[PDB]
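Letters A, B, ... mirror the listed sequences (proteins, then strands); counts begin at 1. Below, each value reflects all heavy atoms present in this structure, side chains not excepted, and no hydrogens, waters or symmetry copies. One-based numbering, in listed order, for ligands and for the atoms of each.
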Protein chains: 2
Amino acid sequence: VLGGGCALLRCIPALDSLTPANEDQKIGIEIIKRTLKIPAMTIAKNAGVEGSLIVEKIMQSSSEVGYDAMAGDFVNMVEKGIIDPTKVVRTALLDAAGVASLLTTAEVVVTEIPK
Amino acid sequence: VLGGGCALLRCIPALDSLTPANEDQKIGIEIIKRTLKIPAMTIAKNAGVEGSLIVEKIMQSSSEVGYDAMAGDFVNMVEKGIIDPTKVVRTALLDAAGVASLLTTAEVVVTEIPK
Ligand SMILES: Nc1ncnc2c1ncn2[C@@H]1O[C@H](COP(=O)(O)OP(=O)(O)OP(=O)(O)O)[C@@H](O)[C@H]1O
Ligand SMILES: Nc1ncnc2c1ncn2[C@@H]1O[C@H](COP(=O)(O)OP(=O)(O)OP(=O)(O)O)[C@@H](O)[C@H]1O
């Protein structure tokens, strides 16, 4: 798939085409929708530029256009070779979500008293 | 002038039409140029939205269009009444710059030892 976090950026309208069952499911869908911009934002922030403007410029562009943080330019990602494995992206997303959504269900935390 | 920090936002091409004498003057001009977006960003950030995207949408718009953070939408701001005194804007800019650029010239700081 496309590299630079653009592959997760192109799946936001798939979440926009979802009908939640209730308000809490809608909250979770919005959480994932806001999370989907995080890798591209982090890559752009590590390059010294403002990641939100870069992310908005990526979503306002065509589906083949992403941000090259090395050259700092908006390019064709397949033609420039900036590509990612699909397995890596889905594995990272699923493994992050499964533990973080379970962590957010907590009300009580029990720890050992430090000796 | 226009309110919402847009009056300082419309003076950025006036800085783009400047020729610095050396590199340090260029650094100072860039400092003021980056500072000119700060009040609109702060107003948008206090409203719960991302201020950088709002600022970019303001500069991509016409000269009469700004952001109403009360209604959260982009409007003709003379017609909507969001206006500022010119004296207040220039007083704030000059009073901030005069002390802050002198503060940034410091190399040594001498303080009294706390008793
Ligand atoms: N020139 C580039 N422009 C834009 N994005 C790029 C560029 N080169 C790599 N990337 C992106 O940066 C990410 C790679 O980051 P990095 O390899 O440091 O971390 P990771 O793969 O998440 O984890 P790990 O630390 O295990 O390697 C991928 O999303 C890749 O598509
Ligand atoms: N509805 C609005 N939409 C957008 N900007 C607005 C709106 N109402 C006011 N503003 C802007 O917000 C700023 C006013 O902020 P505020 O009065 O809290 O601070 P100040 O004038 O800098 O200082 P002081 O605390 O001394 O009043 C002005 O720039 C004004 O144009």
of all protein heavy atoms, closest to atom 8 (N) of ligand 2 is B:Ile82 CG2, 4.5 Å

Please tell me if atom 26 (O) of ligand 2 is touched by the protein, where touching means a protein heavy-atom distance below 4.0 Å. no

B:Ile58 side chain reached by B:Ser61 side chain, heavy atoms, under 4.5 Å: no

I'd like to know if atom 21 (O) of ligand 1 has any protein heavy atom within a distance of less than 4.0 Å. no

Number the atoms of ligand 2 from 1 as they appear, then name those within less than 4.0 Å of a heavy atom of B:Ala69, with their elements. 3 (N), 4 (C)

Is atom 15 (O) of ligand 2 less than 4.0 angstrom from at least one protein heavy atom? no

At under 4.0 Å between heavy atoms, what of A:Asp68 touches ligand 1? The answer is both

Which residue supplies the protein heavy atom nearest to atom 28 (C) of ligand 2, what is that atom called, and how far is it? B:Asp84 OD2, 3.4 Å

Does B:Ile38 reach the side chain of B:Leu36, with side-chain heavy atoms less than 4.5 Å apart? no

Numbered atoms and elements of ligand 2 in range of B:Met70, under 4.0 angstrom, heavy atoms: 1 (N)

Rounded to the nearest 0.5 angstrom, the OG-NZ distance for A:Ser52 and A:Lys37 is 11.5 Å

Over 12 non-hydrogen atoms of neighbours within 6.0 angstrom of NZ in A:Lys80: no

Only heavy atoms of B:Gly3, strictly under 4.0 Å: list the atoms of ligand 2 that pass. 31 (O)

Report the residue from A:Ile82, A:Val49, A:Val75 that forms a side-chain contact (heavy atoms from CB on, under 4.5 Å) with A:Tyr67. A:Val49

Around atom 12 (O) of ligand 2, find the nearest protein heavy atom and jot down its residue, atom name and distance. B:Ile43 CD1, 3.5 Å

Verify atom 18 (O) of ligand 1: protein non-hydrogen atom under 4.0 angstrom away: no

So is A:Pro39 close enough to ligand 1, meaning a heavy atom under 4.0 angstrom away? no

Looking at every non-hydrogen atom in both residues, tell me the closest pair between B:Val55 and B:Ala40 and how far apart they are. CG2-CB, 3.9 Å

Report the nearest protein non-hydrogen atom to atom 4 (C) of ligand 2: residue, atom name, distance rounded to 0.1 Å. B:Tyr67 O, 3.3 Å

Which residue from A:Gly4, A:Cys6, A:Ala92 reaches closest to atom 11 (C) of ligand 1 through any of its heavy atoms? A:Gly4

